[PDB]
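Visitor: Submitted below is the structure of interest, expressed as structure tokens.
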Amino acid sequence: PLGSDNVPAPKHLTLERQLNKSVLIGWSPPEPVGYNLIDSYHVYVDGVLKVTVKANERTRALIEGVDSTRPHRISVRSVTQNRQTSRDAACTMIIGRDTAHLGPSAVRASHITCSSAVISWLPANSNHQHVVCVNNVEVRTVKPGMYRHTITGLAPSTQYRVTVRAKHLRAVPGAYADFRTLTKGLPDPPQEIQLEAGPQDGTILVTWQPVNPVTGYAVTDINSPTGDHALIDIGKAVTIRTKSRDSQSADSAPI
């Protein structure tokens, strides 16, 4: 879609000159990995494709229509013959204003288990090393071009705040994410609980994200594992519980 982890990505993205409404950039080819070998490059500015450089050209580009007064994110993607690409976060940099001190953004936790999580981010400049911190503990320093890292050593059903920061580049600030680990022996409560008034007066519609040996849910009881809502008539700020084969999860976050 907008990139794949398999495809090796360009390195050493460089702003070589800045003009009033144009910029000249350079980069280096990706390391070969044996598969998904690179066929052409795609240059993006704030997500819009601007120039295509073929494999046997020089790895430089002059990008027109780039205003000097505004900040910008420039990124380069490797394109294979099957048209698979690398992700922007592997070869990206921000220019403009006084952006040299901006750090990573869009820090996200995914593939969460009871003891681990995959941490992703968008660097401000992918030539920098990045440091992953869990609850203010440095757990890993990650090489340039890397925008994902699995953290381990976590305890189940526990809250974690992870931050990512760029260590300064030697010539040749950061965001955070909150998440909770899964529960070891018992089901997990649903997330993304919301509530609103139903169609008719005196009814409310509570919704939640299905868990994805889950039986169903309880708020009055829903006995399908895929159910994502309940509508009750009050006449005839609460939590939901995931029910499973012999037990019910702890309660979710109230709304």
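To be explicit about the labels: the chains of the structure tokens are called A, B, and onward in the order shown, and within each one the residues are counted from 1, while ligands get numbers from 1 in the order they are shown.
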What's the 12 Å shell around residue A:86, counting only C-alpha atoms, without same-chain residues fewer than 3 positions away, as a CSV table (one decimal) with N, CA, C and O atoms, in the first residue's frame?
Guide:
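Written file, selection.csv:
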chain,number,residue,atom,x,y,z
A,1,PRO,N,0.8,-1.2,0.0
A,1,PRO,CA,0.0,0.0,0.0
A,1,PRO,C,0.9,1.3,0.0
A,1,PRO,O,1.1,1.9,-1.1
A,2,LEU,N,1.3,1.7,1.2
A,2,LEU,CA,2.2,2.8,1.3
A,2,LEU,C,3.6,2.4,1.8
A,2,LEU,O,4.3,3.1,2.5
A,3,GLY,N,3.9,1.1,1.5
A,3,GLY,CA,5.2,0.6,1.9
A,3,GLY,C,5.1,-0.8,2.5
A,3,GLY,O,4.1,-1.3,2.9
A,4,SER,N,6.3,-1.5,2.5
A,4,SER,CA,6.4,-2.9,3.1
A,4,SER,C,7.7,-3.0,3.8
A,4,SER,O,8.7,-2.4,3.4
A,5,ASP,N,7.7,-3.7,4.9
A,5,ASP,CA,8.9,-3.9,5.7
A,5,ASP,C,10.0,-4.7,5.0
A,5,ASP,O,11.2,-4.5,5.2
A,6,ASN,N,9.6,-5.6,4.0
A,6,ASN,CA,10.5,-6.5,3.4
A,6,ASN,C,11.5,-5.7,2.5
A,6,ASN,O,12.7,-5.9,2.6
A,7,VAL,N,11.0,-4.7,1.7
A,7,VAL,CA,11.8,-4.0,0.8
A,7,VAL,C,12.9,-3.1,1.4
A,7,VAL,O,12.6,-2.1,2.1
A,8,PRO,N,14.2,-3.4,1.2
A,8,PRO,CA,15.3,-2.5,1.7
A,8,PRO,C,15.1,-1.1,1.2
A,8,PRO,O,14.6,-0.9,0.0
A,9,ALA,N,15.5,-0.1,2.0
A,9,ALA,CA,15.2,1.3,1.8
A,9,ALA,C,16.4,2.1,1.5
A,9,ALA,O,17.5,1.7,1.9
A,10,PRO,N,16.3,3.3,0.9
A,10,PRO,CA,17.4,4.1,0.6
A,10,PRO,C,18.0,4.7,1.9
A,10,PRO,O,17.3,4.7,3.0
A,11,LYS,N,19.2,5.1,1.9
A,11,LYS,CA,19.9,5.6,3.1
A,11,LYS,C,20.5,7.0,2.8
A,11,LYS,O,20.6,7.4,1.6
A,30,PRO,N,19.9,1.3,-1.4
A,30,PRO,CA,19.8,0.3,-0.3
A,30,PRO,C,20.8,-0.8,-0.4
A,30,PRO,O,21.3,-1.1,-1.4
A,36,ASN,N,13.5,-8.8,-3.4
A,36,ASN,CA,12.9,-7.4,-3.5
A,36,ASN,C,14.0,-6.4,-4.0
A,36,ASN,O,14.0,-5.3,-3.4
A,37,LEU,N,14.8,-6.8,-4.9
A,37,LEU,CA,15.9,-5.9,-5.3
A,37,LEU,C,15.3,-4.6,-6.0
A,37,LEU,O,14.3,-4.7,-6.7
A,38,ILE,N,16.0,-3.5,-5.8
A,38,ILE,CA,15.4,-2.2,-6.1
A,38,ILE,C,15.5,-2.0,-7.6
A,38,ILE,O,16.5,-2.2,-8.3
A,39,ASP,N,14.4,-1.4,-8.1
A,39,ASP,CA,14.2,-1.1,-9.5
A,39,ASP,C,14.1,0.4,-9.8
A,39,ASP,O,14.6,0.9,-10.9
A,40,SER,N,13.5,1.2,-9.0
A,40,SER,CA,13.4,2.6,-9.2
A,40,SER,C,13.2,3.3,-7.8
A,40,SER,O,12.9,2.6,-6.8
A,41,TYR,N,13.2,4.6,-7.8
A,41,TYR,CA,13.0,5.4,-6.6
A,41,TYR,C,11.8,6.3,-6.8
A,41,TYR,O,11.6,6.8,-7.9
A,42,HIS,N,11.0,6.5,-5.7
A,42,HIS,CA,9.9,7.4,-5.6
A,42,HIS,C,10.2,8.5,-4.6
A,42,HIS,O,10.4,8.2,-3.4
A,43,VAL,N,10.2,9.7,-5.0
A,43,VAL,CA,10.4,10.8,-4.1
A,43,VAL,C,9.1,11.5,-3.8
A,43,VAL,O,8.3,11.8,-4.7
A,75,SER,N,10.7,12.2,1.6
A,75,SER,CA,10.9,10.8,1.8
A,75,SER,C,11.2,10.2,0.5
A,75,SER,O,10.7,10.7,-0.6
A,76,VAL,N,11.9,9.1,0.5
A,76,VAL,CA,12.3,8.3,-0.7
A,76,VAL,C,12.0,6.9,-0.5
A,76,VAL,O,12.3,6.3,0.5
A,77,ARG,N,11.3,6.3,-1.5
A,77,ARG,CA,10.9,4.9,-1.4
A,77,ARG,C,11.6,4.1,-2.5
A,77,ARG,O,11.6,4.5,-3.7
A,78,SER,N,12.1,2.9,-2.2
A,78,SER,CA,12.5,1.9,-3.1
A,78,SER,C,11.4,1.3,-3.8
A,78,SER,O,10.4,0.9,-3.1
A,79,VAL,N,11.4,1.1,-5.1
A,79,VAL,CA,10.4,0.4,-5.8
A,79,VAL,C,11.0,-0.8,-6.5
A,79,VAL,O,12.1,-0.7,-7.1
A,80,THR,N,10.4,-2.0,-6.3
A,80,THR,CA,10.9,-3.2,-6.9
A,80,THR,C,10.2,-3.4,-8.3
A,80,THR,O,9.3,-2.6,-8.7
A,83,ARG,N,6.6,-3.8,-8.2
A,83,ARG,CA,6.1,-2.5,-7.7
A,83,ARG,C,5.9,-2.5,-6.2
A,83,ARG,O,5.2,-1.6,-5.7
A,89,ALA,N,9.0,5.9,6.5
A,89,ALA,CA,9.7,6.1,7.8
A,89,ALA,C,11.1,5.5,7.8
A,89,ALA,O,11.8,5.8,8.7
A,90,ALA,N,11.5,4.8,6.7
A,90,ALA,CA,12.8,4.3,6.7
A,90,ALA,C,13.8,5.3,6.0
A,90,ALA,O,15.0,5.2,6.2
A,91,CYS,N,13.2,6.2,5.1
A,91,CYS,CA,14.1,7.2,4.5
A,91,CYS,C,13.3,8.5,4.4
A,91,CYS,O,12.5,8.7,3.5
A,92,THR,N,13.5,9.3,5.4
A,92,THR,CA,12.6,10.5,5.5
A,92,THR,C,13.4,11.6,6.3
A,92,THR,O,14.2,11.3,7.1
A,145,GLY,N,17.6,4.2,9.8
A,145,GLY,CA,16.8,3.5,8.9
A,145,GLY,C,15.8,2.5,9.6
A,145,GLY,O,14.9,2.0,8.9
A,146,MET,N,15.9,2.3,10.9
A,146,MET,CA,15.0,1.4,11.6
A,146,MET,C,14.0,2.3,12.3
A,146,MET,O,14.3,3.3,13.0
A,147,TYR,N,12.7,1.9,12.1
A,147,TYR,CA,11.6,2.6,12.7
A,147,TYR,C,10.6,1.7,13.5
A,147,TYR,O,9.5,2.1,13.8
Visitor: Can you list, as a PyMOL selection string, all residues belonging to stretch 164-247 of chain A that DSSP tags as strand (DSSP E)?
Guide: chain A and resi 164-167+176-180+191-197+203-209+214-218+221-222+229-233+241-244
Visitor: Any chance you could export the current selection's N, CA and C atoms as a CSV table (one decimal), in the first residue's frame?
Guide:
chain,number,residue,atom,x,y,z
A,164,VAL,N,10.5,7.5,22.2
A,164,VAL,CA,11.5,7.3,21.3
A,164,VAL,C,12.2,8.6,21.0
A,165,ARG,N,13.5,8.7,21.1
A,165,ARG,CA,14.2,9.9,20.8
A,165,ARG,C,15.4,9.6,19.9
A,166,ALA,N,15.8,10.6,19.2
A,166,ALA,CA,16.9,10.5,18.2
A,166,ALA,C,18.2,10.9,18.9
A,167,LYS,N,19.2,10.1,18.8
A,167,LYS,CA,20.5,10.5,19.3
A,167,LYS,C,21.2,11.3,18.2
A,176,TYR,N,5.4,9.8,22.7
A,176,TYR,CA,5.3,8.6,23.5
A,176,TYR,C,4.0,7.9,23.2
A,177,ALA,N,3.9,6.6,23.7
A,177,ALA,CA,2.7,5.8,23.5
A,177,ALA,C,2.4,5.1,24.8
A,178,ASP,N,1.1,5.1,25.2
A,178,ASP,CA,0.7,4.3,26.4
A,178,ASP,C,-0.1,3.1,25.9
A,179,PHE,N,0.2,1.9,26.5
A,179,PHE,CA,-0.5,0.7,26.2
A,179,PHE,C,-0.4,-0.2,27.5
A,180,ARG,N,-1.2,-1.3,27.4
A,180,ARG,CA,-1.2,-2.3,28.5
A,180,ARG,C,-0.9,-3.7,27.9
A,191,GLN,N,-11.7,-3.1,24.1
A,191,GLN,CA,-11.2,-1.7,24.1
A,191,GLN,C,-12.1,-0.8,23.3
A,192,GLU,N,-11.8,0.5,23.2
A,192,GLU,CA,-12.6,1.4,22.4
A,192,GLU,C,-14.0,1.4,22.7
A,193,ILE,N,-14.3,1.5,24.0
A,193,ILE,CA,-15.7,1.5,24.5
A,193,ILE,C,-16.2,2.9,24.3
A,194,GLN,N,-17.4,3.0,23.7
A,194,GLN,CA,-18.0,4.3,23.6
A,194,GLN,C,-19.5,4.1,23.9
A,195,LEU,N,-20.2,5.3,24.0
A,195,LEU,CA,-21.6,5.2,24.4
A,195,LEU,C,-22.3,6.4,23.8
A,196,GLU,N,-23.6,6.2,23.3
A,196,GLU,CA,-24.4,7.3,22.8
A,196,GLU,C,-25.9,6.8,23.0
A,197,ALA,N,-26.8,7.8,22.8
A,197,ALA,CA,-28.2,7.5,22.8
A,197,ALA,C,-28.6,6.7,21.6
A,203,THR,N,-33.2,4.7,25.3
A,203,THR,CA,-32.3,3.7,24.9
A,203,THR,C,-30.9,4.3,24.7
A,204,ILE,N,-29.9,3.5,25.0
A,204,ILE,CA,-28.5,3.9,24.7
A,204,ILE,C,-27.8,2.8,24.0
A,205,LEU,N,-26.9,3.2,23.1
A,205,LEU,CA,-26.1,2.2,22.4
A,205,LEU,C,-24.6,2.3,22.8
A,206,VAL,N,-24.2,1.2,23.5
A,206,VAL,CA,-22.8,1.1,23.9
A,206,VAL,C,-22.1,0.2,22.8
A,207,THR,N,-20.9,0.6,22.4
A,207,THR,CA,-20.2,-0.1,21.4
A,207,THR,C,-18.8,-0.4,22.0
A,208,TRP,N,-18.1,-1.4,21.4
A,208,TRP,CA,-16.7,-1.7,21.8
A,208,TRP,C,-16.1,-2.5,20.7
A,209,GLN,N,-14.7,-2.6,20.7
A,209,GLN,CA,-14.0,-3.3,19.7
A,209,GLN,C,-13.9,-4.8,20.1
A,214,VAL,N,-12.9,-17.0,22.9
A,214,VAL,CA,-13.9,-16.0,23.3
A,214,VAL,C,-15.3,-16.4,23.0
A,215,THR,N,-16.1,-16.4,24.1
A,215,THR,CA,-17.5,-16.7,24.0
A,215,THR,C,-18.3,-15.5,23.4
A,216,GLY,N,-18.2,-14.4,24.1
A,216,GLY,CA,-19.2,-13.3,23.9
A,216,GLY,C,-18.8,-12.1,24.9
A,217,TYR,N,-19.8,-11.3,25.3
A,217,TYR,CA,-19.5,-10.2,26.1
A,217,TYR,C,-20.6,-10.0,27.2
A,218,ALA,N,-20.3,-9.2,28.2
A,218,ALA,CA,-21.3,-8.8,29.2
A,218,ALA,C,-21.1,-7.4,29.6
A,221,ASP,N,-26.4,-9.4,28.3
A,221,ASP,CA,-25.4,-10.3,27.9
A,221,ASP,C,-25.4,-10.5,26.4
A,222,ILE,N,-24.3,-10.5,25.8
A,222,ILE,CA,-24.1,-10.8,24.4
A,222,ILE,C,-23.3,-12.1,24.2
A,229,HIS,N,-21.7,-4.4,20.1
A,229,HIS,CA,-22.6,-3.4,20.6
A,229,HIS,C,-23.7,-4.0,21.4
A,230,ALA,N,-24.3,-3.2,22.2
A,230,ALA,CA,-25.5,-3.6,22.9
A,230,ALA,C,-26.4,-2.4,23.0
A,231,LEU,N,-27.7,-2.5,22.8
A,231,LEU,CA,-28.7,-1.5,22.9
A,231,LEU,C,-29.8,-1.9,23.9
A,232,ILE,N,-29.9,-1.2,25.1
A,232,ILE,CA,-30.8,-1.6,26.1
A,232,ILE,C,-31.8,-0.5,26.3
A,233,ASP,N,-33.0,-1.0,26.7
A,233,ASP,CA,-34.1,0.0,27.1
A,233,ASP,C,-34.0,0.1,28.6
A,241,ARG,N,-17.3,-6.7,30.1
A,241,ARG,CA,-16.5,-7.8,30.4
A,241,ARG,C,-16.4,-8.8,29.2
A,242,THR,N,-15.2,-9.3,28.8
A,242,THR,CA,-15.2,-10.4,27.9
A,242,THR,C,-15.4,-11.7,28.6
A,243,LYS,N,-16.3,-12.5,28.0
A,243,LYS,CA,-16.6,-13.8,28.6
A,243,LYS,C,-15.9,-14.8,27.7
A,244,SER,N,-15.4,-15.9,28.3
A,244,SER,CA,-14.7,-17.0,27.6
A,244,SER,C,-15.1,-18.3,28.2
Visitor: How many Å separate atom CA of residue A:225 from atom CA of residue A:112?
Guide: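 These two atoms are separated by 19.9 Å.
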Visitor: Could you check which of A:249, A:150, A:99, A:127 is closest to residue A:171, using only C-alpha atoms?
Guide: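 Residue with the minimum atom-to-atom distance to residue A:171: A:127.
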Visitor: Considering only C-alpha atoms, can you say which of A:253, A:162, A:169, A:122 comes closest to residue A:137?
Guide: A:162
Visitor: Compile the contact shell of residue A:113 as JSON, numbers by chain: residues with an atom at most 7 Å away, counting only C-alpha atoms, same-chain residues fewer than 3 positions apart removed.
Guide: {"A": [116, 117, 181, 182]}
Visitor: Quick one, how far is atom CA of residue A:114 from atom CA of residue A:183?
Guide: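 Separation between atom CA of residue A:114 and atom CA of residue A:183: 5.6 Å.
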Visitor: Could you give me, as a ChimeraX atom specification, the residues within 9 Å of residue A:250, counting only C-alpha atoms and dropping anything in the same chain fewer than 4 positions from it?
Guide: /A:186-189,240-242
Visitor: Based on the selection just made, write C-alpha atoms of those residues as a PDB file, in the first residue's frame.
Guide:
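Wrote selection-v5.pdb, looks like this:
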ATOM      1  CA  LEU A 186      -7.653 -14.908  31.744  1.00  0.00           C
ATOM      2  CA  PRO A 187      -9.451 -13.130  28.892  1.00  0.00           C
ATOM      3  CA  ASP A 188      -8.914  -9.501  28.081  1.00  0.00           C
ATOM      4  CA  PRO A 189     -11.530  -6.755  28.281  1.00  0.00           C
ATOM      5  CA  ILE A 240     -17.938  -4.400  29.657  1.00  0.00           C
ATOM      6  CA  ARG A 241     -16.466  -7.823  30.365  1.00  0.00           C
ATOM      7  CA  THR A 242     -15.151 -10.372  27.890  1.00  0.00           C
TER       8      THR A 242
END
Visitor: Can you pull out the residues contacting residue A:95? Cut-off 8 Å, using only C-alpha atoms, and skip same-chain residues under 4 positions away; I want them as a PyMOL selection string.
Guide: chain A and resi 71-74+99-100
Visitor: Between A:27, A:160, A:44, A:121, which is the closest to residue A:59 once you count only C-alpha atoms?
Guide: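 So, comparing all the options, the nearest one is A:27.
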Visitor: Mind pulling up the distance from atom CA of residue A:82 to atom CA of residue A:45?
Guide: 23.3 Å
Visitor: Taking into account only C-alpha atoms, which residue in the set A:29, A:133, A:184, A:19 is nearest to residue A:56?
Guide: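 Smallest separation from residue A:56 among the options: A:29.
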Visitor: Find, counting only C-alpha atoms, the residue in A:174, A:153, A:227, A:123 that gets nearest to residue A:212.
Guide: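 Between A:174, A:153, A:227, A:123, the residue approaching residue A:212 most closely is A:227.
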Visitor: Go through A:24, A:106, A:211, A:98 one by one, measure the shortest atom-to-atom distance of each to residue A:224 using only C-alpha atoms, and give the residue with the smallest value.
Guide: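 Checking each of A:24, A:106, A:211, A:98 against residue A:224, counting only C-alpha atoms, the winner is A:211.
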